[PDB]
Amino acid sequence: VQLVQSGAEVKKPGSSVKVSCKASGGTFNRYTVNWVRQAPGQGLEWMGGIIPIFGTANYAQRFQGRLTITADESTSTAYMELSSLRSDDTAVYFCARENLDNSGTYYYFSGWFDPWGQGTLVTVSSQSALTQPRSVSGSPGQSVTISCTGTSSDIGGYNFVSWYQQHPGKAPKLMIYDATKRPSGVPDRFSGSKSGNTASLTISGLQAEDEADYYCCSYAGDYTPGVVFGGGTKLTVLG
């Protein structure tokens, strides 16, 4: 049985969000669905669960009033709804199943969690990071293009755009400045372009060393000078 969750989410504080958890195994009534969230660099926290057979759902004391968990047996999918979002709600949300054959029909939500979903990232922030694809994959020798788009406000001609490459455990390193210009040492396999609301980074002749996270960056261009980064794009090179 495989548990598949809905894609990542970017919400503003005060709104709500729906996360789905669809199961690949049949006999939907046999299992219970739990939701466990994990903040970045934090531990696991139980939020609530649902039992399709009883139509019952329980929630933790801090989420009562802001959380509701549903399930539809026709699609074998479970849902969670968190309302009145705030910054401390930024976490990866996991769905986990409990088999009632082995664990019995009484001691449900007891911690026998198996299997798990892949997790769903939900980011809540008053400041809105520029929109990038979450991940891009390529083969060596091929080319990939990574876009960067304004989210709450548009990117324009007055915006200074830069691109940064970051390897695991290392500081970011400047790839592209002034939208299209390469700094000292950077090979011409990396190129940038900007048109209206969109900026793009192109990596041609992909090499294994290019596997990293890539961040666009915008400076100035508005009435309050500042710096805003993109959400990041994970680039995988399939050797």
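The numbering used is simple: start at 1 and walk along the sequence shown.
The question of which stretch, 115-123 or 76-84, has the higher mean Cα B factor is settled in favour of 76-84. Checked against the record, the higher mean CA B factor of 130-138 and 101-109 lies with 101-109.
By the numbers in the PDB entry, the CA B factor is greatest at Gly55 among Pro183, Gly55, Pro187, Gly43.
The PDB entry assigns the greatest CA B-factor among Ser193, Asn34, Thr27, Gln207 to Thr27. Placement of the Cα temperature factor of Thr236 within the chain: lowest third of the modelled residues, per the deposited record. Compared with the other modelled residues of the chain, the Cα B-factor recorded for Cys95 ranks in the middle third. Among the modelled residues of the chain, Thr149 sits in the middle third by CA temperature factor in this PDB entry. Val227: CA B factor lies in the middle third for its chain, per the PDB record. Sort the chain's modelled residues by C-alpha temperature factor and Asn197 lands in the middle third, per the entry.
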